[PDB]
Every structure is written in structure tokens, then in C-alpha cells.
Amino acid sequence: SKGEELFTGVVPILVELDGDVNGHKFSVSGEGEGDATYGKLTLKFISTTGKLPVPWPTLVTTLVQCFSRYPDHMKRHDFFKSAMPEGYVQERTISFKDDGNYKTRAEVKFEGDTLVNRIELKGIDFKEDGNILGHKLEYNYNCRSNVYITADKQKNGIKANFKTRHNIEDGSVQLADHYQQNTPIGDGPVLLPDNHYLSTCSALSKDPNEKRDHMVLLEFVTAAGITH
């Protein structure tokens, strides 16, 4: 695709999220860069308004799959880059087992040379002393996640499903079921993929000199499931 050519080098990234979970309002700003040649993302996020009412790890999937490494033989299946620079809408429902749900709507597009992810997140039906509002999740991430992608010809886009599992401080796990839909913003042709998945590994850390509430993310993502 034409859009693929925008990703051959390192690209700056900005992320801006506005959130409301059970009436608790918050905002997150992120900066970093992506290098799709290596499927590599480095991002630092800061919580900028009200006290973060949910654990950082539960926001990782919401806070730019255009930076996935698609192997050369799978390039014709990369919807995400093909929609650029005009971008795509990405919507999810994230269902936390035995707890509430996030509904997210994001637009991912270029603003000049910079790849931007603007997100609205709404969370409802969370339990007061559940794992999420109770802040009972460890600050870490389990690898790898498989993001299963299929074409949605009717909306000229894609759908995806996947499960993530967040470690609870007692040694148990909190399941998050994700359902995802992406549709192009522009009028150029986009690539409609054969079934495949993104193999993703995230690692969370803290900046020792940062006193604001924050998250540092290093992430590697590679498309797979189709043989050459």
C-alpha cells in the first residue's frame, strides 16, 4: 500500500485519552516513537487530571497497531498502515470478568509527520472493591497476547478478538475479553486481510526521576499466522 511507505523509519507518536470510569474522570497524555521495521514501540504516559481510578495495566491495550511488524510475505494483509495517512477509527468493548466494561472510541491518524491516537474511554458497572477500582492489580504484563484479526468487508475494515490476563496481587488473574472494530477514515483503497494474528509482548516500567503518576511501555508486535 501507499500508506506502508510512511512507516519505513522511526515515527513520533502522541497519545491523548479522556476517561470516565464509574463517574471518575481522568486524562492521559503519551509521547514516544514507533519503528514498524522492528515492530517496536516506546511510549511514556502521564496522568494529567483527576487521580487515576483504574490500574495502569488495564489501559495498555487502549493507549497504534499500525506499528506492527508485518513480514514481507504478509504485507498485503496490513489494514492498519494502508488506511494512513487519513487514518482509522478503532472501537472496543473490553469486558473484565466478574466486573465492569470499558467502551473505547479512538481515531488514529497522521498530524503532519506525527502518528496520533486520540481516545475517549467510558467505563461502567465496576465493583467498588473489585480488582479494578480497588487497585489490586500488579504493575506488570503477561506475554504474549494474540490479537486475532478478520476482515469486515461491509464496513471496509477489520474486526479483532483477544484475551489479556492481568496479575492480581494475591497471585490470581483478572481476565479482560476484548472485541475490536476498525474502519477507515479516508476514501483511498485499504487492504482487507486474510485471517491472521498479531503476537504482542508488552513490558511496563517506571521512570525513577518522575514524580507524576505515569507508565513507561516497551512493546514488540509481529504479525503471524500465515506461512510464506
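Note that residue numbering follows the sequence shown and begins at 1.
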TODO: Using what the record says, work out whether there is a hole in the model between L63 and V64 and how many deposited residues it spans (none, 1 to 3, 4 to 9, 10 or more).
DONE: 1 to 3
Task: Given 10 to 18 and 203 to 211, the range whose Cα B-factors average higher in the PDB entry - done: 203 to 211
Open item on the list: Quick check on the record: does 94 to 102 or 122 to 130 carry the larger mean Cα temperature factor?
Closed with: 122 to 130
Open item on the list: Checking the record values for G39, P57, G32, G188, which has the greatest CA B factor?
Closed with: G188
Open item on the list: For the chain shown, is the CA B-factor of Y141 in the lowest, middle or highest third of its modelled residues?
Closed with: highest
Open item on the list: What third of the chain does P85 rank in for C-alpha temperature factor, lowest, middle or highest?
Closed with: middle
TODO: Report the third (lowest, middle or highest) to which the CA temperature factor of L52 belongs, ranking only the modelled residues of the same chain.
DONE: highest
- [ ] Report the third (lowest, middle or highest) to which the CA temperature factor of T114 belongs, ranking only the modelled residues of the same chain.
- [x] middle
- [ ] Name the third of the chain's ranked CA B-factors that contains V108, choosing lowest, middle or highest.
- [x] lowest
